[PDB]
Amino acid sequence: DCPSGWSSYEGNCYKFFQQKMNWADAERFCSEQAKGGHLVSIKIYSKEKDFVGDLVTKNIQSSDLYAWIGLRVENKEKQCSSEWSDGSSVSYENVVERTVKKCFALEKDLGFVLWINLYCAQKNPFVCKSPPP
């Protein structure tokens, strides 16, 4: 039995939150909402994609274009190319952190079923996922 307000799918509980928080804060919020809670993870080739997309579509305010999911760039570097076009390795790096987009979210266009990477400090609504209680 998922807690009230949460929807079930393949043995797990999900909930869309309208509150806008940066990616890191959203993940923390999810972990606080239920033990085992995390920003939603999605198996793109399953019906989980449509299920989560539907949860957002049906509850997100018409003006918000994104909803955070639990995917992030793993790399510590600010950009991921390991070498320049001339073939030399990348060592020195001087990137403007605002153009750094390491946090993923569902995009409104096409029904919140496709992903896009954004500046992690942006505040967006999001979706949490947790094992049943």
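We number the residues from 1 along the sequence you see.
Novice: Would 77 to 85 or 92 to 100 have the larger average of its C-alpha temperature factors, as given in the entry?
Specialist: It is 92 to 100 that shows the higher mean C-alpha B-factor.
Novice: Tell me which stretch, 110 to 118 or 13 to 21, has the higher mean Cα B-factor listed in the entry.
Specialist: That would be 13 to 21.
Novice: Compare the C-alpha B factor of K47 with those of the other modelled residues in its chain, then answer lowest, middle or highest third.
Specialist: Highest third of the chain for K47's C-alpha B-factor.
Novice: Place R72 in the lowest, middle or highest third of its chain's C-alpha B-factors, as listed in the PDB entry.
Specialist: For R72, the deposited C-alpha B-factor lands in the lowest third.
Novice: With respect to C-alpha B-factor, does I60 fall in the lowest, middle or highest third of the chain as deposited?
Specialist: For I60, the deposited C-alpha B-factor lands in the middle third.
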